[PDB]
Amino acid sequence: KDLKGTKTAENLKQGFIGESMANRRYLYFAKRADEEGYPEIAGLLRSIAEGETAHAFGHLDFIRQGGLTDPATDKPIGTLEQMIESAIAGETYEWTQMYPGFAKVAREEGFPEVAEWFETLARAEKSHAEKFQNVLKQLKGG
């Protein structure tokens, strides 16, 4: 039956957010175990991180198979072309609005190094958008 508008739709989205964060967090923590000489702990973090990849991807499977949109962009992700279109939408939001706004707030709050980081990221997501736009032209053009 149709997932659209249900609480289960929203729970799949929030599950995807948390699983995405868990993989990132655990791989960041593993770097600290690496440098301090705890290979067993780093290995466990990396193996559990693969678990959280499987969890995130399974959430996306139900989302996609249920006709729901991308948690990050609210765009469909059924076909490869739609996937690339979702990538373009998010990169475009990030470089045109999100990261420039974050940089302005950081400057105005007295954090110039954080602002410089956000400006580096804005330029980076702009490059991403351009590379994905070239892929979209290849796919849509055949």
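Just count from 1 along the sequence shown to find any residue number.
Mean CA temperature factor is higher for 61-69 when stretches 109-117 and 61-69 are set side by side in the entry. Higher mean CA temperature factor between 118-126 and 8-16: 8-16, per the PDB entry. Residues shown: 85, 40, 52, 94. Highest C-alpha temperature factor in the entry: 40.
Per the PDB record, residue ranking by Cα B-factor puts residue 133 in the middle third of the chain. In the deposited entry, the Cα temperature factor of residue 104 sits in the middle third of values across the chain's modelled residues. Ranked by Cα temperature factor within the chain, residue 46 sits in the lowest third according to the deposited record.
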